[PDB]
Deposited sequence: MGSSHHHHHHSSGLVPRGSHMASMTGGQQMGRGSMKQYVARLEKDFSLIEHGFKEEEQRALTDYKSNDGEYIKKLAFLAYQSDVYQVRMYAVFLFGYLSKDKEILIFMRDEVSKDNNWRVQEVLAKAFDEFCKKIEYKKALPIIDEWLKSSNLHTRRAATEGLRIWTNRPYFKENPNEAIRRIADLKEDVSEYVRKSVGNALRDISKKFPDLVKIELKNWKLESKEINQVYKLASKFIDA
């Protein structure tokens, strides 16, 4: 009947709706049960159901096994929309444990070998300097983001560029200072540079 509920989700969703159902289900059942539901739903071939499952993972992410599964397995997801939810779920984890305390995990995700793991961290925290801790410590965001300025993945690079661009709008000087040190010697860093410097002198 857990299998039945999933089949029902596949029918309903195949037509925020996924997020709202996930939140409701998470709030309505014990965590042990919902974890089993989340993995079952994550095996669905219906991408909306996997989105639902990944929201659930976010709510359950204090379980390190869930967090690891997000890091290593959800990051393999073939569907771009599911990848967006991965970034939201990762943001959800950081919010649940507090941004300052999540720093070690933010760093680990940013340095992961899976390009999708790296993007989910970069994109999920946007706008970085609107988050607790990074709001007070802008360079902590700039420095982490900028470290991926020469990322092999364009997917990652777009995120990096935009994350720096977000920050430039509120901390123009800090961003200019960081950018001043860049040597535009590759197509990679130049892509990032163009995105990040729109609003800086």
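- Taking the first deposited residue as 1, the stretches without any C-alpha atom are 1 to 33, 49 to 53, 240.
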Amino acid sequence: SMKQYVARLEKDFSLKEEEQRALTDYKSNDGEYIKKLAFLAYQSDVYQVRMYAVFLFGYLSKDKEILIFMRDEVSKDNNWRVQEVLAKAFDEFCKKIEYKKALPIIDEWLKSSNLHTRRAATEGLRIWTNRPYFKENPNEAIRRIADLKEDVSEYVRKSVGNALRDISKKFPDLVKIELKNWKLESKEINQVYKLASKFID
From here on, numbers count along this sequence of modelled residues.
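- Checked against the record, the higher mean CA B factor of 96 to 104 and 121 to 129 lies with 96 to 104.
- When the C-alpha B-factors of 46 to 54 and 142 to 150 are averaged, 142 to 150 comes out higher.
- Going by the entry's values, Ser28 shows the largest Cα B-factor out of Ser61, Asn162, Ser168, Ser28.
- Remark: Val156 belongs to the lowest third of its chain, ranked by C-alpha B-factor as recorded.
- Remark: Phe69 belongs to the lowest third of its chain, ranked by C-alpha B-factor as recorded.
- For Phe39, the recorded CA temperature factor ranks within the lowest third of the chain's modelled residues.
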